[PDB]
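Enquirer: this one's a deposited entry, sequence included:
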Amino acid sequence: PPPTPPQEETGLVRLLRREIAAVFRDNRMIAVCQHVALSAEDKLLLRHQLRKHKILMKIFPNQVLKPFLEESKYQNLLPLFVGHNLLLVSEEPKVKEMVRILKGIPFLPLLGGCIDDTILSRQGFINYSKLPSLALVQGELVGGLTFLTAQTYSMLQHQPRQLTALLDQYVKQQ
Amino acid sequence: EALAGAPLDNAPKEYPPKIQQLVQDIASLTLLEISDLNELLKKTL
Amino acid sequence: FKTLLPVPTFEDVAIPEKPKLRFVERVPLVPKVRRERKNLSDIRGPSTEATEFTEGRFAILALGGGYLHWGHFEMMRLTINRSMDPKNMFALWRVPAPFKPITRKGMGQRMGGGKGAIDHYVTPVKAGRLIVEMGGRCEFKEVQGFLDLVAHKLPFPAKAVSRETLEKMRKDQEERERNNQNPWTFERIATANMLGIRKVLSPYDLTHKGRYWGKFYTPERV
Amino acid sequence: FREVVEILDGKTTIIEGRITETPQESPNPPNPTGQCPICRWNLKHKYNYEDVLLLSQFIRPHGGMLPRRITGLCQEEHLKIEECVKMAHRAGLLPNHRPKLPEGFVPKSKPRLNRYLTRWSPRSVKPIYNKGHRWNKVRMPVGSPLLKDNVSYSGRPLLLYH
Amino acid sequence: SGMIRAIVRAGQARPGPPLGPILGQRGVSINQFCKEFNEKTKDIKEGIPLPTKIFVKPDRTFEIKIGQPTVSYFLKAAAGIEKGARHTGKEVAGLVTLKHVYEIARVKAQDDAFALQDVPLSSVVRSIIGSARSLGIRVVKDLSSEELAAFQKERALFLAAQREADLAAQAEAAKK
Amino acid sequence: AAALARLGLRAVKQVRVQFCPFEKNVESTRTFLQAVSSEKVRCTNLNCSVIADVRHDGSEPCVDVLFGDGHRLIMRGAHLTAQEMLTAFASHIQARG
RNA sequence: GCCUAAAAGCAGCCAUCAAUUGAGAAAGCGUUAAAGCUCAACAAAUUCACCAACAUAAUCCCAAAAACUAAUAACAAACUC
Ligand SMILES: [Mg+2]
Ligand SMILES: [Mg+2]
Ligand SMILES: [Mg+2]
Ligand SMILES: [Mg+2]
Ligand SMILES: [Mg+2]
Ligand SMILES: [Mg+2]
Ligand SMILES: [Mg+2]
Ligand SMILES: [Zn+2]
């Protein structure tokens, strides 16, 4: 064949690229699910139940999403965008309500996604949802750090406490 | 640059090396340094 | 997925008043009292006048020769006026009213005795002539689809063409006649009087170049 | 090649896909610059209804044609190869490419008439009863008109109608 | 059976067509449906239409979902004109304000469609403006002291002359 | 999905599709899953149970269809076309149903 | 939105806006009117896909026949040697 007549980028594909870039740069939770062909009423009901938690959904064509993803650092998501796709976009990720609202529908499975640049599967999302909060784990960090000295002091103070316990046992026996 | 290798829990055995090197940095310090770090953490957070 | 292509927008095309076709008379206001001869030169050969677009954009091009009378005029008028859009489309005639008289005789009359009586009037049309020329803010596919019926019902073979289609077919004709492979061409042979073929040919063949034979026009003959 | 295997085990159907080994293309093509398979193997205007080894490369085991999007041939040569396969099937070549019916192979019928270079179908042509005169002759077509551009070592055109 | 869309008045739900034969073919009773509709819309001003969706199950049972009244009715009421204009864009039917448009949006947002769709009041206001321009009613920014009556007298004269011309044209067509 | 919509899928109990989204032969599997989870299949019968099992290290997609004729159709579709799986399932449920 | 008994995208006339990533006050089927079946728009893929085909008379159809061995062949007059 003759040499390639190279194609030009159009305004629509430029807008799509800019939108995908803004999505992947701004928000934190980017979940990838299989867009199930459901009725429009149920789709709007799910829209409302997601807007209650303030997590939105987007849909991008594969012809514009595959090249962007294979060019960016998210090339590990290529086998996820083969069929129908749905990008759940959320700021300040809270996967608990998302898993709860997807449990109510049996044939709508969570494929995967990234939570703060951490690509996880469905089991990874389940583990992240069951995991405690950031404030709670930060409060537990210092506790687990000082637990060594706490157990040290406990062992140092339990020696006089053993006599007290034996004395209380002898009192209770009589 | 690139992102992580997309791990899962079915065969989870590789942990971030930053955690291990931070644990080593903690364990390679004396008790007074650990007390200073704990005091600074309790004051800030 | 599919890229959105822009739609052709028309704003400089001004739709004139009375966009539909006008009424034509079967016999003109001044009927010819003197009977004329049926010259065939008005059909033989290519058309000399009304071969280009004036104000319209589509047209009914006749690839042959023949006669058009009040019946065909009424057919075309009714069909176009009922299948056109007077708000976005306008039409115009490219052929005048029927003026050439035709003589007829009643059955049972032997040959001779004089000329017949003027029965009706017709309009001579040559090959390569436009019949109806239309314009407006419409596309080419719909006007072609709705004018192919009239092109079929016309006596001579006709096609619903436009400026672009006519230019394209003329460029194709020029390309074919200039890249033809055989060194022997009808025009060259007739002009050089090769093989004494002028005994069989006609003096009008020197101009027709073997493309026009009687009333038929074959565009695939270089 | 992919094969669908079905197993019946107590009202339970097991349908599985099995991939076998398929032979690849020969290593040295005579004209590697051609995009089409035949046009690059320089078999254009070379094959015919007699060449069975070439036609048998792309046909289903039940005599079916292989799709163009999977084969890769140019449109003209694909149509020519389809015509050649039809003509070979009608002529009686490719004996191992018919469906096996043990119930229908028993009731033998009238012997198959020996034919070759047939254009139409054996059950869709009506015999010519008028046959025409010399000037208006109803010619009997033989062979496909798509193969009129074959190389003629004898130089004479191929009689497509006789 | 499935879903059926209907637009009936508040309390004027009669068991005749064009509502009778539908539920008759479906299977459910007509008198029972009319009684349910009247007892559910008894507090509504009788005379206004409101859309309803009837979900009929295979066991000849039916459930009703009523929405907010017709936006065409809302606009006709806010304009004070009973029947909208004929030649939309060529003639003026009524005159409403952005205040009335926002009020209609606020009172109609509480419906099934705008409840399923998490849209702000701006979308509903734009839809109301579109429906008003379809009806032919002009929407001025803020002009209502007497201009409403100044246009109303001219609209009344226009509709009176229009009715006279319609009667004259009907008589002419009958005589021709 | 129109085939399963017009075939009358009222005679099925449970349909489960077990797959791993991080494999390289899940195209036909997810196509079949969407074709059987379309809205028309749902409105054809509401007593059926559609389940989509998602794993990460299974590496073997499968489809299990249990229907009340005491029948269990198991299709380990890892290389089969989605259309082939659909037509085989349709023929089987039409023959036994 | 008007007329009509009904005109719910479609006897008709006028407007042809408005949200969703995305759906025309609707380009054909269908009802008396509905309902319902489609087209185009998103998400799923993306072989080629614009028009071109048409019976017939009378005694009995009328050489048989042949798609590939090389052809600016050959056979072919009251023409010319
Ligand atoms: Mg004609
Ligand atoms: Mg929008
Ligand atoms: Mg479509
Ligand atoms: Mg007949
Ligand atoms: Mg004979
Ligand atoms: Mg001789
Ligand atoms: Mg002599
Ligand atoms: Zn080729």
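Expert: Cool, got the structure. Residues are numbered from 1 along each chain as shown, chains lettered A, B, ... in the order given. Ligands and ions are numbered 1, 2, ... in the order given.
Enquirer: going along the chain, name the strands of chain C.
Expert: C:58-62, C:66-69, C:89-93, C:100-104, C:117-125, C:129-136, C:158-162, C:212-213, C:216-217 (DSSP state E).
Enquirer: can you add mean neighbour count and give those back as a markdown table?
Expert: Any C-beta I mention is one placed from the backbone N, CA and C, and that applies to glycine too. A markdown table is the format used below for these (neighbours: other CB atoms under 10 Å in any protein chain shown):
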| stretch | mean neighbour count |
| --- | --- |
| strand C:58-62 | 26 |
| strand C:66-69 | 18 |
| strand C:89-93 | 21 |
| strand C:100-104 | 15 |
| strand C:117-125 | 18 |
| strand C:129-136 | 24 |
| strand C:158-162 | 21 |
| strand C:212-213 | 18 |
| strand C:216-217 | 18 |
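Enquirer: where do the helices sit along chain B?
Expert: B:17-27, B:31-44 (DSSP state H).
Enquirer: I'd like to know which elements the last one is packed against.
Expert: I take that to be helix B:31-44. With contacts taken as 3 or more CB pairs under 8 Å, 6 or more residues apart in numbering or on different chains; DSSP states H and E, helix B:31-44 sits against helix A:134-173.
Enquirer: got the angle between the helix it packs on and helix B:17-27?
Expert: Angle, helix A:134-173 to helix B:17-27, by axes from the mean of the first three to the mean of the last three CA atoms, to 10 degrees: 50 degrees.
Enquirer: for whatever residue of chain A ends up closest to ligand 8, what are its contacts?
Expert: Ligand 8 sits closest to residue A:1 of chain A, with a gap of 12.3 Å, by CB to the ion. Applying CB atoms under 8 Å, 6 or more residues apart in numbering or on different chains, we find residue A:1 in contact with residue D:35.
Enquirer: also residue F:33?
Expert: Contacts of residue F:33 (CB under 8 Å, 6+ apart): A:34, A:107, F:17, F:19, F:52.
Enquirer: the residues you listed: which two are farthest apart?
Expert: Using CB to CB, those span at most 12.6 Å, a distance reached by A:107 and F:19.
Enquirer: need the overlap of contacts for these two.
Expert: Common neighbours of residue A:107 and residue F:19 (CB under 8 Å, 6+ apart) are F:33, F:52.
Enquirer: which one of the two has more residues nearby?
Expert: Neighbour count, other CB atoms under 10 Å in any protein chain shown: between residue A:107 and residue F:19, residue F:19 has more, with 26 against 21.
Enquirer: how far away is the more buried one from residue A:99?
Expert: 19 Å (CB to CB, to the nearest Å).
Enquirer: what of residue C:28?
Expert: 88 Å.
Enquirer: these two - which one has more neighbours?
Expert: The neighbour count for residue C:28 versus residue A:99, taken as other CB under 10 Å, is higher for residue A:99 (16 against 13).
Enquirer: is it true that the more buried one touches residue A:129?
Expert: Yes: the pair residue A:99 / residue A:129 is scored as a contact, 4.8 Å apart, by CB atoms under 8 Å.
Enquirer: residue contacts, residue E:105?
Expert: Residue E:105 touches E:121, E:124-125, E:127-128, counting by CB under 8 Å, 6+ apart.
Enquirer: what's the closest non-adjacent residue to it?
Expert: Spatial nearest neighbour of residue E:105, excluding adjacent residues (CB to CB, 6 or more residues apart in numbering or on different chains): residue E:124 at 3.9 Å.
Enquirer: using the three-state scheme, assign that neighbour.
Expert: Using DSSP: H, G, I helix; E, B strand; the rest coil, the structure places residue E:124 in helix.
Enquirer: list the contacts of it.
Expert: E:105, E:108-109, E:114.
Enquirer: ok, of those, which one's closest to residue A:43?
Expert: residue E:114 (15.5 Å).
Enquirer: show me where the chain has helices.
Expert: Because you didn't say which chain, this covers chain A. Going by DSSP H, chain A shows helices at A:11-26, A:40-53, A:62-71, A:95-103, A:122-130, A:134-173.
Enquirer: wait, chain D
Expert: Under DSSP H, chain D gives helices at D:37-41, D:52-55, D:68-71, D:75-91.
Enquirer: and the longest one, what does it pack onto?
Expert: Of the remaining helices and strands, those touching helix D:75-91 by 3+ CB pairs under 8 Å, 6+ apart are helix D:37-41, helix D:52-55, helix D:68-71.
Enquirer: same list, those, but as CSV with distance to chain F please.
Expert: Compiled in CSV, the helices and strands packed on helix D:75-91 are given as follows (distance: least, CB to the nearest CB, whole Å):
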stretch, distance to chain F
helix D:37-41, 24
helix D:52-55, 26
helix D:68-71, 13
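Enquirer: residue E:109 against residue E:121, yeah?
Expert: Yes: at 6.5 Å, residue E:109 counts as touching residue E:121 under the criterion of CB under 8 Å.
Enquirer: give me the number of residues near the residue in chain B that chain E sits nearest to?
Expert: Proximity of chain B to chain E (CB to the nearest CB) peaks at residue B:3, 32.0 Å away. Residues near residue B:3, counting by other CB under 10 Å, number 15.
Enquirer: go on, the one 10 residues further on?
Expert: Here the neighbour count serves as a burial measure; for residue B:13 (other CB under 10 Å) it reads 5.
Enquirer: now do the same contact list for the closest residue to residue D:115 other than its chain neighbours.
Expert: Leaving aside its chain neighbours, residue D:115 sits nearest to residue D:91 (5.9 Å; criterion: CB to CB, 6+ apart). Each residue near residue D:91 by CB under 8 Å, 6+ apart is listed here: D:49, D:115-118.
Enquirer: 7 Å instead, please
Expert: D:49, D:115-116, D:118 (CB atoms under 7 Å, 6 or more residues apart in numbering or on different chains).
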